[PDB]
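This report refers to the structure that appears directly beneath it.
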Number of protein chains: 14
Amino acid sequence: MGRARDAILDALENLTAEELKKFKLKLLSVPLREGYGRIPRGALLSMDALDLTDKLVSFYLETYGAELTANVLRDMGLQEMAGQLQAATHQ
Amino acid sequence: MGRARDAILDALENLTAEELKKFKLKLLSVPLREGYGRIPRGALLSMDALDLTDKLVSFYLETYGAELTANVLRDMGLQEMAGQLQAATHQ
Amino acid sequence: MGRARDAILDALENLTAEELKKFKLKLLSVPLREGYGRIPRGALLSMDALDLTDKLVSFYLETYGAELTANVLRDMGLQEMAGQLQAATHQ
Amino acid sequence: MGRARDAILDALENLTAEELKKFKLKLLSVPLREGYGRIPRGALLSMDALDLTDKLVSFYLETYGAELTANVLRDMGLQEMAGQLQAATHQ
Amino acid sequence: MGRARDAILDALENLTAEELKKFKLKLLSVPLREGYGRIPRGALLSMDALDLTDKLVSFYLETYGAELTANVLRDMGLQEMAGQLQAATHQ
Amino acid sequence: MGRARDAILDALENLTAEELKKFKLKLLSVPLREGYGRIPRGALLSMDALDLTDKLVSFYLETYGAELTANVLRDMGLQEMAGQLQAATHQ
Amino acid sequence: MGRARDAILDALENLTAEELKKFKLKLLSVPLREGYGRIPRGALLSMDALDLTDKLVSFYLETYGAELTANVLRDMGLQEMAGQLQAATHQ
Amino acid sequence: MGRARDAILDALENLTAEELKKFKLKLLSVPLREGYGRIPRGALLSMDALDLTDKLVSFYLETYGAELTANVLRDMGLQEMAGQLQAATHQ
Amino acid sequence: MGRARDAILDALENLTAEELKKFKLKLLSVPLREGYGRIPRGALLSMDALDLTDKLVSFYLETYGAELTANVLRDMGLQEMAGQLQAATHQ
Amino acid sequence: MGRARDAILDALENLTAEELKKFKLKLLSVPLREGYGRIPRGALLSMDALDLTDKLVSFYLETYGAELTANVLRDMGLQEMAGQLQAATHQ
Amino acid sequence: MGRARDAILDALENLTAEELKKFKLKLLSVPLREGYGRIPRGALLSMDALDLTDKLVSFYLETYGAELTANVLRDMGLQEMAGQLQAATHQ
Amino acid sequence: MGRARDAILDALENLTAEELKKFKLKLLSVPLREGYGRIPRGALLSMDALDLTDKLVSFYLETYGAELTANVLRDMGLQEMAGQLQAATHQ
Amino acid sequence: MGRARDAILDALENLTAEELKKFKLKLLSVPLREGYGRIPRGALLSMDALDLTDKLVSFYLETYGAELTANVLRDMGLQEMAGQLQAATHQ
Amino acid sequence: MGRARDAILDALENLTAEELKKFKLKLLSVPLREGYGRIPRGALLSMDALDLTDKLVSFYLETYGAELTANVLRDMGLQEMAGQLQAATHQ
């Protein structure tokens, strides 16, 4: 199976518990491409890093799952984890 | 078959576990129209969102099942989920 | 016999204990083509993955049984298992 | 989904922990329009910026949620964050 | 069903998590009218506001459930929530 | 809600760190009307201006909470703050 | 039930945070009457006023629970709260 | 049938979930009279208050079942529940 | 039978409740040799250590089941358990 | 008749449900003497303590049934149940 | 049954929340006699005092279970609890 | 990993607490390159040297993180610390 | 329990905030008898008088705990407090 | 088991609350040998001394776990703790 489920894990494990809550809150309002659904609010507010990675790779695909994570990380300020994620997924 | 069982599901899945319990508690004393029964305490205080949706569409109908849910949601303060539920069910 | 009963099993076996309930609930309201019946609520809410796959291939046929499963999976958000099922069934 | 949940977050994160308490205290007595509820004291006096933004966007809507926040910010003296919020939300 | 289970909820939700402990502790020693039982210590010291309201309306009735709660609230100093509860319940 | 929770805040925020201590100390011996309780020493000697305003408005009512604060302010010499508080609360 | 669980609470709530620690420390070496147990050090050094009152009335009885608290308060210097407790409990 | 199965329940319901574990642990090593067996560890460490009461009145008799419970409660420090149980059972 | 089912248990029983979840998540994406199947998500995300060991020795054999476990453990950083497993299995 | 089916029961009833699973799993690979068979997996992973005791005394004999149980109990760390089993069986 | 399970509990209940963690960590490397097993890390780092006492008396015997506890307690500095444990266990 | 996280630490540890506050105040208005975010006021005005270094290296990269710090240090007068930082980071 | 935990408290409560630091610093290098441990710097350099007394009586015994404190007090110059401690502890 | 887990503990308990944070920050940038992983920031910036010792001995081995700690301690200035650690570990 694709390695995109491991690049996201190494990015969501390098950020503290106060930035994970902000990530999960930003994930409720980020614009989405057509044909994709949105994770319900009842789950996004309890999931930890592992469940969040699994849900991200399940609802979206590998490529879009990586791109959306990188865009959200860039938007909230952190550009080191976003850069690492882009470097890992792109090649 | 009627799609009002899917609008209620999207309304009970966007609220946390401390708001679902309040919803189930206020469902015990909400005024009811004539000819409709009340869900007993034994089962109502254990069902999750899916079981709650099924049971709500079981005792009540599509139209009244949506209206009662919207009224209860507006009663407890949440006017976003109630608004989207009304928008979906009305048309 | 047809191999479409095996593609459905490989898709419903990757669903957790909470997503299978949502699948079985969405199966009660999904629009149906003319000439096909609906699974009764008495048995639908008790089956496991194997019984669900067998019953789905029983009421519907291979092609429609795969298409309905893929549509229900896409509707509830999961677009990875839906894509896998489509790839397996189409060719 | 609307972006007014993001403009409020950028306004409640630029004020210290001594002004957040004042904001949450003035939120308990601010005048409200008809049809809207008031956040209970039990939860309002324990939330941080993220939960406060989520609850403010949930109880009210995007437009009124932004207007009330701007009015409360202007009431307590801070005219820079209120102006930034108005500029972000209006256009 | 009577609306006395809603007036009590609005009174136990406007007091913090340190006053709820005091409420539950004082509930173990207040005088009781004849014919009524006392909540056991094992369950009382673990309930939050919702279960507390449910059990208070369960063991006692609506009228006595409101009067006892108002008396306990007045005993521990809080004369705002007690006054609001009295105003809601009496008329 | 009542606007008397804001007039008290504007009066306790104009007190230096040495005058707030004297206010909190003289609040321990001021005569009280019948039916009202006294704030315990455990919490009274730790609260800041915001918590003090909240507790003053909770233990007493709006009218008595304002009158007692004005009387205490006048008693220790400061008549500018007491005069402003009286002018704000009365009309 | 006995009122002695309310007289102790009004005595442990009138002492600051550095006197509760001293109270809990002197509670570890005060002489005890025969037949009564000693609170373990593991839980005694974490209890706040409410849990301390509950445990004090649980391990000992009303009369001995009041007398021991009065003796400990007198031994550590505070003669006002000890006098208040004695007056409340005796009559 | 004897009322000794009701006095034990009223004593095992006034103790919290952290004291029930200690009760069940001390029940594994308390000295026993001749002719009586010991509850196996496999079922003892999973029973709740109701099952524990039933097992205690089943393996032992009413008189010895009350005496053993009182002695175990007195051994572990709690002399209020033990005294209440003794008063209830003796006369 | 083979003793490699006991060396794996001694390695999966020394992982905390948070590292077993990571092990089960990384087991969903680890590269696999030809001719071997993959455990479905529906069952793998609920297994504890004992069922995980049994399933690992069921789908894979003794040698490959040990090598895959050692590789997964080493990949997530844990190089003490991997060393113990290698020492136990190789000789 | 032989009493070794009762000594085994007293050893399998003194261990919790989490250790019985480990016992049943370690029974799948323990070395066996020549001439004795192995319990199949289909039945072994469903039996409770009573069925396990009966089946263990069925395949093996009294002496070997006790010795194998003692060895397996020693392997998993429990040397108290193994000791009491040896004491009961040997004399 | 032996009373050495009661002397250990009175020693592990006198440790604060930070000394029990150190006890559990140092229990992972203490030298052991021949023939005795070591508690797995997965369960040892989550046990509280009661389960710790039960496991300590289960894996080892009464005498060794007390001696190991005394050795570990003295090794970390605390020679009061270890002293009373030795005094209780020896005679 | 890059060593620029250690060169910044030696620059923010040689300056007193009256200069760290000025550094943090100047960091709120310094011009920034395109695509980079600005640290919010709520967190920036509470960080010590270590948290400030971590946030500086996280929001920006190694090179820009060092260059911005050197520019800010040069702006506020200190040319020894900035020179040391430039010498360390450049080569 | 022994009264030597109270004689130490009456000696460490008469030290100003500048002499307690000197006492704690000299406690780090004082010669120790064989068989006794030394308090680590991580915890010792933050304790107040109450925690210091508790740790002093816990690590050492009553007699040695008093003697070491008296010697340290005499070594730093204070011979009135050391004399009082010796008089209290000796008889 | 090896005693190198206890030598690290004696070195991390001699660091104040401000030096442990610096140690944990230097642990994020220290060069690593080939074949060893790096602890994620999510858990590194929350751990206390005990969890840090356990995790350090978990990712690395006894020898490398000691050498890395000694080098990091020497880098940050403290050569007494590093000397003690080397003396303990080497022989």
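We label chains A, B, ... in the order they appear in the structure tokens, count residues from 1 in each chain, and number ligands from 1 in the order shown.
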*Report, to one decimal in Å, the C-alpha RMSD of chain M against chain B after an in-order least-squares superposition over all those atoms.*
0.2 Å
*Can you list, as a ChimeraX atom specification, every protein, DNA or RNA residue that comes within 10 Å of stretch 9-13 of chain I when you count only C-alpha atoms, leaving out same-chain residues fewer than 4 positions away?*
/I:4-5,17,19-20,23,48-54,69-70,73,80-85,88 /J:22,25-26 /K:39-43
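Take atom CA of residue I:14 and atom CA of residue I:72: the distance between them is 14.8 Å.
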*Spatial neighbours of residue E:36, 10 Å, only C-alpha atoms, chain gap at least 3 places, as a PyMOL selection string*: chain E and resi 32-33+39+59-61
Could those residues be written to a file, using C-alpha atoms, as a PDB file, in the first residue's frame?
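Result file is selection-v2.pdb:
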ATOM      1  CA  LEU E  32     -35.675  15.682  53.775  1.00  0.00           C
ATOM      2  CA  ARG E  33     -39.457  15.598  53.910  1.00  0.00           C
ATOM      3  CA  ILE E  39     -29.374   9.628  46.907  1.00  0.00           C
ATOM      4  CA  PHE E  59     -36.363  10.506  43.292  1.00  0.00           C
ATOM      5  CA  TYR E  60     -38.308  13.651  44.168  1.00  0.00           C
ATOM      6  CA  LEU E  61     -41.140  15.161  42.145  1.00  0.00           C
TER       7      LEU E  61
END
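For the atom pair formed by atom CA of residue C:68 and atom CA of residue A:68, the distance is 28.8 Å, given to one decimal.
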*Considering only C-alpha atoms, state which residue in the set L:78, L:57, L:30, L:45 is at the smallest distance from chain N.*
L:57
_My list of candidates is E:38, E:90, E:55, E:74. Which is closest to chain H when distances are computed with only C-alpha atoms?_
E:38
*Quick one: DSSP alpha helix (DSSP H) residues in chain B, as an MDAnalysis selection string?*
chainID B and resid 4:12 17:26 41:44 49:59 62:75 79:90
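Close contacts of residue B:29, defined as residues with an atom at most 7 Å away when counting only C-alpha atoms, with chain neighbours fewer than 4 positions off set aside, comprise residues 1, 2 and 3 of chain E.
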Put those residues in a file: N, CA and C atoms, as a compact mmCIF listing (two decimals), in the first residue's frame.
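Once written, selection_13.txt looks like this:
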# COMPACT_ATOMS: atom_id res chain seq x y z
N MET E 1 -45.28 15.99 29.38
CA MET E 1 -44.39 15.95 30.54
C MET E 1 -44.08 17.36 31.03
N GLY E 2 -43.96 17.52 32.34
CA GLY E 2 -43.72 18.82 32.94
C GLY E 2 -42.39 19.43 32.54
N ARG E 3 -42.33 20.76 32.54
CA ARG E 3 -41.12 21.48 32.15
C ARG E 3 -40.21 21.78 33.33
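Comparing C:71, C:47, C:76, C:62 by their smallest distance to chain B, the closest is C:76 (using only C-alpha atoms).
Of the residues listed (N:16, N:31, N:46, N:8), N:31 shows the shortest atom-to-atom separation from chain L; distances use only C-alpha atoms.
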